[PDB]
Amino acid sequence: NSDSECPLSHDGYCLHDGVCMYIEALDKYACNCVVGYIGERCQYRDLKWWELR
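What counts, and where the lines are drawn
Residues numbered from 1 in each chain as written, not as in the entry; some residues may be left out. Heavy atoms only, no water. Helix = DSSP H or I, 4+ residues; strand = E, 2+ residues; numbered from the N terminus. Buried < 20%, exposed > 50% of the residue type's maximum accessible area, 1.4 Å probe, protein only. Contact = heavy atoms within 4.5 Å. Salt bridge = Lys/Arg side-chain N within 4 Å of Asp/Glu carboxyl O. Polar contact = N/O pair within 3.5 Å; in protein donor to acceptor, adjacent residues only side chain to side chain. Disulfide = S-S within 2.5 Å.

Peer 1: Hey, could you run me through the environment of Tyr37 in this one?
Peer 2: Among the structural elements, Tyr37 can be located in the loop between α1 (7–10) and α2 (47–51). A residue is classified by how much of its surface remains accessible, and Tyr37, at 30% relative accessible area, is partly exposed. Sequence separation of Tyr37 and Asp17 is 20 residues, and the distance between their C-alpha atoms is 8.7 Å. Excluding residues that lie within four positions of it along the chain, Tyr37 makes contacts with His16, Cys42, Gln43, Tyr44, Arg45 and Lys48.

Structure below.
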């Protein structure tokens, strides 16, 4: 479904960008702020781009 529609809330649920995407009628939630904040719901490191990748 690519369900990431939670407008002002995607950036509200989280911190330094906030993005809500994983649900998919599975009630999932991956919250991916920015390459510099990712942990459970974006708050640890730049794992995504620099640290791990």
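Peer 1: I tried to follow the pattern of salt bridges on my own but got confused; where do I start?
Peer 2: Opposite charge on two side chains permits them to pair, given that their charged atoms come into close proximity. For the coordinates displayed, the defined rule picks out 1 salt bridge. Among the salt bridges present, the one from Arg45 reaches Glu51, with a minimum N-O distance of 3.0 Å. What makes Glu51 partly exposed here is its relative accessible area of 33%.

Peer 1: Where do I start with the environment of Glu51 in this structure?
Peer 2: One can find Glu51 in helix α2. Residues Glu51 and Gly36, 15 residues apart in the sequence, show an inter-C-alpha distance of 8.8 Å. The contact partners of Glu51, leaving out residues within four places of it in the chain, are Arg45 and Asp46. Side-chain polar atoms of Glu51 contact the side chain of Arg45, separated by 3.0 Å.

Peer 1: What's the story with the state of the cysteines in this structure? I'm lost.
Peer 2: Any covalent bond linking the sulfur atoms of two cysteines counts as a disulfide. In the structure shown here, the tally under the stated rule is 3 disulfides. Here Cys6 is linked by a disulfide to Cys20, with a sulfur-sulfur distance of 2.0 Å. For the disulfide bridge between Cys6 and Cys20, the dihedral angle about the S-S bond is near -140°, and by the sign convention the bridge is left-handed. Of the two residues, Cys6 is situated in the segment before α1 and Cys20 in the loop between α1 and α2; the sequence distance between them amounts to 14 residues. Residue classification places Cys6 among the buried residues on the basis of a relative accessible area of 16%. Accessibility expressed as a relative area gives 16% for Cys20, which makes it buried. Disulfide pairing is shown between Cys33 and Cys42; the S-S distance is 2.0 Å. Exposure remark for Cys42: the relative accessible area of 0% places this residue in the buried category.

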